[PDB]
Amino acid sequence: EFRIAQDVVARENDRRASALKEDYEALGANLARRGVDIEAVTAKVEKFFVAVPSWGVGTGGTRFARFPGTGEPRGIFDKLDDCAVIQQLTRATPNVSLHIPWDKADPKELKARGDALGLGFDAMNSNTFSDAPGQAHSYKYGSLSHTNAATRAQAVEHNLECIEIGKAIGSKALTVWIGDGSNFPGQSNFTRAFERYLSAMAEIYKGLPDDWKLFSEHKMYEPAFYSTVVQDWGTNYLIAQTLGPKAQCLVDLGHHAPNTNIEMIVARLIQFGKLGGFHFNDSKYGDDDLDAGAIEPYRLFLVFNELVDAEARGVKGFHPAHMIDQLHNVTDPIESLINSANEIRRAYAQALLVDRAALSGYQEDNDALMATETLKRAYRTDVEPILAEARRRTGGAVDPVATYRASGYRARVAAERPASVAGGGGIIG
Amino acid sequence: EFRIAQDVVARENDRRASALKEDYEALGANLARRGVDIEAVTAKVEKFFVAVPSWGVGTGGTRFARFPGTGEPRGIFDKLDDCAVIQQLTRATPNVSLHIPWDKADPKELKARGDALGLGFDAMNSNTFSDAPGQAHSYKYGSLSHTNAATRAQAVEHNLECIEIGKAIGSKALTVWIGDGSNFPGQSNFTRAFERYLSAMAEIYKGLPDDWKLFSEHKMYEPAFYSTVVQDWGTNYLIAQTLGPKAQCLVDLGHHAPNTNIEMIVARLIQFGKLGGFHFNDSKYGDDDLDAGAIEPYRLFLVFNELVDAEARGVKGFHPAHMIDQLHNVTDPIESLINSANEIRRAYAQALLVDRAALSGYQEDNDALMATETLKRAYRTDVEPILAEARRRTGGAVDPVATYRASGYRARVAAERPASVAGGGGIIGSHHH
Amino acid sequence: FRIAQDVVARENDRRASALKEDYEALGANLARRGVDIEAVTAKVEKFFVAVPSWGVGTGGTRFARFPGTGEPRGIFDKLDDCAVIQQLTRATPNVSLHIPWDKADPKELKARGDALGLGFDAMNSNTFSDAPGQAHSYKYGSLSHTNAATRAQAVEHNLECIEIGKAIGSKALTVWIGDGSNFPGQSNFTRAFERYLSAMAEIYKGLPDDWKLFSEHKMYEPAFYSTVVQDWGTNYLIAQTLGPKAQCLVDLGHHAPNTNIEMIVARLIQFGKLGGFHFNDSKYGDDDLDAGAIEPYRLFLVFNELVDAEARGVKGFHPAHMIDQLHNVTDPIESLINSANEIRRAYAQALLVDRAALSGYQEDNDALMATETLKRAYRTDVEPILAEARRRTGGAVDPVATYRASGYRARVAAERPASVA
Amino acid sequence: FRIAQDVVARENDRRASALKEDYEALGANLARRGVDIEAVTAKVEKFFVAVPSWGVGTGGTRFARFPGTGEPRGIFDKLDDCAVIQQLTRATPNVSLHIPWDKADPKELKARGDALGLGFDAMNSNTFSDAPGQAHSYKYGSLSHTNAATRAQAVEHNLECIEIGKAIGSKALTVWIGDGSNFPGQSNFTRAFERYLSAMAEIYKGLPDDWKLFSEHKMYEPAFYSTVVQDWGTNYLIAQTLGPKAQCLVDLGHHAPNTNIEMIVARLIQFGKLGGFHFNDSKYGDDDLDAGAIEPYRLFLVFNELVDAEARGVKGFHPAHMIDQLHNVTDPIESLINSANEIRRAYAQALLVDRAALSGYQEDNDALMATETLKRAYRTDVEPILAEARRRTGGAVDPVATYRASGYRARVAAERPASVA
Ligand SMILES: C[C@H](O)[C@H](O)[C@@H](O)[C@@H](O)C=O
Ligand SMILES: C[C@H](O)[C@H](O)[C@@H](O)[C@@H](O)C=O
Ligand SMILES: C[C@H](O)[C@H](O)[C@@H](O)[C@@H](O)C=O
Ligand SMILES: C[C@H](O)[C@H](O)[C@@H](O)[C@@H](O)C=O
Ligand SMILES: [Mn+2]
Ligand SMILES: [Mn+2]
Ligand SMILES: [Mn+2]
Ligand SMILES: [Mn+2]
Ligand SMILES: [Mn+2]
Ligand SMILES: [Mn+2]
Ligand SMILES: [Mn+2]
Ligand SMILES: [Mn+2]
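Respectively, the protein sequence lines represent chains U, Z, L and R. For our numbering, count along the first sequence from 1 and bump the result up by 75. For our numbering, count along the second sequence from 1 and bump the result up by 134. For our numbering, count along the third sequence from 1 and bump the result up by 364. For our numbering, count along the fourth sequence from 1 and bump the result up by 364.
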């Protein structure tokens, strides 16, 4: 089935085909002059996939308020349908990341719907940072590292349930992000809390299938405002190393202290074989969860420069999981996810253009200016023609958002789904 | 009316009276050796008040979740009852700051309940950062600075209504904090947005009584994650200077960029007569809204040092409004507000101990080391005995939290109020299907 | 000609074919977008940014300085090196002088300038360090020092800078001081600012009718607790207090972490106090790195505000543009060349923004298309425009490549003695 | 004695009465709290922190240096000044040396130290600056430099630092380098770290059985884009990779804004890699200000982890303590005196924490009472304990007051030639 009429896609592609041919041919000639085969780049670009977050498909909100748009998805099934659109138009998002219990539903049905939509499932995400109705033990003071044994046991059991759901739909990994921490000095004993967390994660690891990976995600702060158990990549490395070969670290771009050199963290985790994957998004102040590359596109390019360098250096067994983790508070979620996926492919494409041999020479000779200019020559290259052609060749849209709007999809689901009501956030009752 | 049994207060005071006498006399002797009359300090401390936020009386939450405790207040009336306790035990929070429409109710009933509880009302707070039921225009893309004229008018009208409610209950100021801004470069034109905001505020200003003040509150980010119209004190000054004499700037401690020297901003606003008031709280990362002084007590003291210096040298009827703006996500809201109000008095009392004459000398002398030590001599002084004695002499408790727990108040209201249910924040929408 | 014309000609010819192809390709793409590449190139070739005399020699940190070969011996060698930057990029006709570092006979400075085809931008005073024969030290401050005599000495220094500038063609004085405190209590914030305001008021009195006085804020360094002129808010208060000739200078690396610098630029423009810019890039503090080498988008967003100002018809808006960088690990001339290039690059992209479309997206609160409208301009590779602008004006298609081909560094290395002490 | 004993005696008697009143009052308050003030005083008397040889001279920034009077020149002058701090505070018996700045005949150094009653803490190598005659420059790095010969030179220097230390009684080598990049692409993050690890392994091999090797991480400066040993994570990787004798050194001012430093301390302790501390305070970057002058609670919170670690009986826990500060606007000796005082102040307050009560509030998730439990200790004015500890060990009740009364600064000013006066 096609969420977007194929005739609309065809029409909107033909409308822009001429210009694209001109832009692609021009870029091809320029790249050829630079000793690069544009065809080889396009080939790799059409193979780069990033998973879309189920929680980013509906309108997001802050602790102050939520302003839903029209046709908000009612649940996971509506979210999958909307994800199908993103994949149909960008062809870069074949897999969806589920979050439990937000996406709780019959696994068999989820798989059925996914297969029918041409969508797969990436890493499962557990939720022990919030309480569900009827929950026996509250996670107010923590979960996997809570002082109460019964509470830690409950959190561990929930994670095992996520794994069971994942095994039924085809997922091969579990991502664990918890809010565990403290808001006041002395509230928690840093070491004992970490010990409790490590012991609980060990139980999860014990129940982890041997064809699965366990990703732990660090975050400097929020919901905890004084200390956080898994606060940075250093603690994260200790966790992954301690748990086992199947445990790795997940890097969410917005979870670092101000001015942190994140691409270096990426390089370090790769060197020690603990880079499990990414949660892509952009930010300017905190964990803003904004559209990838919308704030600092060069940083995104520099992260991908480390990933490509890894391949260039000959690193093996390196297949990090790529996922988008964003919240869309003031835009049409589908459009933002479409362009964010595009931006990630944009950074990847530019990273592929780096003349590795030239860069290597300038680094060895300590020619800092030419070294940086070598990266800039790749980053300054407008690879949109490549991104658009990759989409066109694989069944997608030359201009995804334009086609999305021309299809009238949003108004369509707005009529099929109940209206929404704006409200406040979690700051007060 | 006494939320806390007088017999309990008296009992818990006598239980700690002997120790307090010893500590107070010891501190009194130490200060005397330092040329300071402890009684003069205690007298000023007893008179220092900070307003409590009604929205801080209930348990707070984040965008990820809310974990309510037992006996959660149902509405403004329950919250007023709970604030009565903070004031009874600390004697430092006689006034409550209201938020509309969260606390919207008959002004006569509000004023009536306040008088019965011995509570007054501080500045009103408007809410155009969220949508209410039946609202004609959404504030999703802004309010007072929204591109849509009808939306700006609705926001201005809401604020004018806040002034009306405030006039009826005894409030004398309106604090305006909005989320207006953008999440993406290009989404907003910085200049046009600010011009729209200034025009809208001008209309609100026209509705201010002669003895009222309009406080604009700056914030670097959140809910807007790229730009915010009223992002810092610089823009805040431009606003206040443009609007008029009744318009001043409100400084919320957790609303500044990392490493900002906040005490300097306070001094600058005082110098130009635009320091409207404060929203006290503490933080380490962003606008954490944590208990005042729980993270960086010295910073709080340094802010009060600027306030006391200005006071010491008599300045233009200088009377900034002191208010607490905190969210309590992992503690009993009443206990945190009690200790937060205590910390604010602690920093004030310590600031009063600074030898101003000596400090001035070291400053003109460029004796950096002795100047900083002059402040530290005051800051290092444990003034808890003064704070406790001030409370004891005015009908409060020597150890407020201890008395609060001994009274069993939380269990009491918990049995009177409906049970609450933990849930998520506004990060994602409902998902029942 | 610091760089032999035959070398510039040879290197341009070697790259002419590729430039032709890229420029024409870009031209057709822009035409399809409703933009006339010639109109953009005509504006770019006229965008100038002043080069800092103090950035022509190798810089250093408090830990060490690692000079390269042929370091300029003084201001005259520095002007000679600046002549290279201008000849190759054609984007830096003016130089920013710093007194007393560049103190010399005004007549001689001017003669070397005219001889090289260089002019002079804003003068820069120096009361953040002590010079020989100084009656009062600036250890504890300068224009805001508690000692009246010290403030007077600093005022006189600034007036001398104005006298030197008037003689060479300058039309402005930039004032950056380190005044502040390293400990709470050391300074009375308000009295320190009042002292500064009184001192600046005196300097303002020495300003010719057509001169400007720029005050530059900085969050910290050298002061590590408080700084008198710490941010744009205090800077605005200064400019507003002093008068029409007083404006604020924004140095990109002088703001708190995560600050929205482009908004500060917009705010100052709205109130007519944006005097000028000190361009550079950074990641941690006031790193003074090559412009756009770390965050090229931020640079573009700043220029987006500058071009919007013109779009909105702001009157008498002529900000001074200057580079303020230190080069510790590269050939200063090459970094200044590419930095000037980066600035013109961001400017050119700002010119490509479809302001009509953007205005529409802003009014309809279409956040996604509004940001995409900015990105459509920023993602455009304008290098062909920059290179064509240089070709037309006597510059080099590839400045650094032509610079290296000329062997200029090796030449001056043999002419200039390295300092031994 | 650098400071006449009769002066110390006179200034102690002058403040003896008030001290007695405050000590007895504090003694009674602590008694009511179940603590014996005598036990705390005994412990404080035994807490020592190393003073940096490079801290007794006046410091500066990249913009300027404003030396005071009696500036010590050379390690011998510096040792004489360090002796004053130890005599008056009795908290700094050991000095940290930096090579080549303090290079001198080991025998003479050891002899001067013994004569002044000073020992020697960890040695500090210097490959972040070039010494005259040096064969290879450290402009682009040292231990991680791309050039093999440069790395070997850096390694040899560190080995020489170990040789010097062994001769004077030192038992550890601290390695802090500026290695990194100022531009993206300039360095290959991974390869640079690999080179560093290989070089450090060579240094590790020259370590005596009873020696420790400390690596010090730093977010930035002198490198403004990336730094090889940028944070504690990389630092842990270095220590774990090198072996049991290698540990991480934590300098309070070397972390990203808002970093929770006390947590890093806890994590390093848990994994047995907390080698030591470089104490100082800051507000913006690596400001190197007097310990506790900006954020005293943070300092107390770091000590809370240290004291908890002992209370827990953690193995491999025996960190070194050193002050690493720069004094640009105060008398270096007075600042080091009060900084050592602040460090003992934080230690004393941490000792007052009711560990039993705290543990209970943590287990029951009583966050409010848990933090108030820490505050009860931190709010306690322990000055009487610090003062009595000094009085009892040959020091001064009020160190700075005695120092000033002694006229020491004027004394050395009359013995040492300033650049100009
Ligand atoms: C939804 C998801 O669990 C969540 O966003 C985490 O990955 C982390 O980014 C939270 O800040
Ligand atoms: C509830 C109140 O309006 C709010 O807290 C504001 O004062 C401001 O702090 C928001 O960040
Ligand atoms: C050299 C020049 O005065 C200086 O760079 C100032 O402009 C300012 O950037 C200092 O941080
Ligand atoms: C002088 C000493 O080696 C130096 O201060 C290092 O320890 C580190 O702090 C540098 O930033
Ligand atoms: Mn995430
Ligand atoms: Mn997140
Ligand atoms: Mn507030
Ligand atoms: Mn707030
Ligand atoms: Mn500058
Ligand atoms: Mn600067
Ligand atoms: Mn150090
Ligand atoms: Mn340092």
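Yeah, the Cβ is synthetic: ideal placement off N, Cα and C, and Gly gets one too.
Between residue 754/L and residue 452/L, the alpha-carbon positions lie close to 7 Å from each other. Per DSSP, the continuous alpha helix (DSSP H) segment holding residue 445/U begins and ends at 443-454. With respect to chain U, the C-beta atom of residue 189/Z has a partner C-beta closer than 8 Å. Counting the other Cβ atoms within 10 Å of the Cβ of residue 720/L gives fewer than 16, which makes it exposed. Only those residues of the stretch 267-286 of chain Z whose C-beta falls short of 9 Å from the nearest C-beta of chain L are listed: 274, 275, 276, 280, 281 and 282.
Under the DSSP assignment, residue 395/R falls in the alpha helix (DSSP H) whose first and last residues are 369-396.
Look at residue 296/U: its C-beta is under 8 Å from a C-beta on chain Z. Ligand 5 has a heavy atom closer than 7 Å to the beta-carbon of residue 292/U.
Look at the stretch 341-396 of chain U and you find these whole runs of alpha helix (DSSP H), each 4 residues long or longer: 372-388. Ranked by how close their Cα comes to the Cα of residue 675/R, the residues 769/R, 547/R and 723/R have 723/R in first place.
Across the structure, residue 207/U and residue 256/U are spaced so that their CA atoms are roughly 20 Å apart. Shown in chain order are the members of the stretch 83-117 of chain U whose Cβ falls below 7 Å from a Cβ of chain L: 94, 97, 98, 101, 104, 105 and 108.
Counting along the chain, the unbroken beta strand (DSSP E) around residue 462/R starts and ends at 458-462. Here residue 341/U is buried: its Cβ has 16 or more other Cβ atoms, across all protein chains shown, within 10 Å. Here the C-alpha atom of residue 607/R lies approximately 50 Å from the C-alpha atom of residue 476/Z.
For the stretch 251-265 of chain U, the set of residues with a beta-carbon nearer than 9 Å to any beta-carbon of chain Z comprises 254, 257, 258, 259, 260 and 262, in chain order. Annotation for residue 498/L: no beta strand (DSSP E) segment contains it, and DSSP assigns it neither H nor E.
Taking C-beta atoms as the reference points, residue 531/L and residue 575/L fail to come closer than 8 Å.
Residue 643/L and residue 686/L do touch by the CB rule: their CB atoms are close to 7 Å apart, below 8 Å. Between residue 425/R and chain L, the shortest Cβ-Cβ separation is below 8 Å. When C-beta distances to chain U are compared with 8 Å, every residue of the stretch 683-703 of chain R stays at or above that value.
Taking the Cβ of residue 615/R as the reference point, at least one heavy atom of ligand 12 falls within a distance shorter than 7 Å.
In this structure the stretch 412-429 of chain U does not lie against the stretch 745-763 of chain L, because fewer than three pairs of beta carbons, one per stretch, are closer than 8 Å.
Chain-order list of chain Z residues neighbouring residue 668/R: empty, with the shortest C-beta distance near 14 Å, by a criterion of under 9 Å. Between residue 624/R and residue 401/U, the C-beta spacing is not below 8 Å. Within the stretch 263-294 of chain U, complete alpha helix (DSSP H) segments of at least 4 residues are found at 265-281, given in chain order.
For a Cβ distance threshold of 8 Å, residue set 296, 300 and 301 of chain U lies close to residue 418/Z, ordered along the chain. Taking a beta-carbon distance threshold of 8 Å, residue 379/Z does not count as an interface residue toward chain L. Under the DSSP assignment, residue 483/R falls in the beta strand (DSSP E) whose first and last residues are 483-488. In the three-state reduction of the DSSP assignment, residue 375/Z falls in the helix class, which pools H, G and I. Residue 419/R places its beta carbon 8 Å or farther from that of residue 773/R. Among the CB atoms of chain Z, one or more fall inside 8 Å of the CB of residue 134/U. Of the heavy atoms belonging to ligand 1, at least one sits nearer than 7 Å to the Cβ of residue 200/U.
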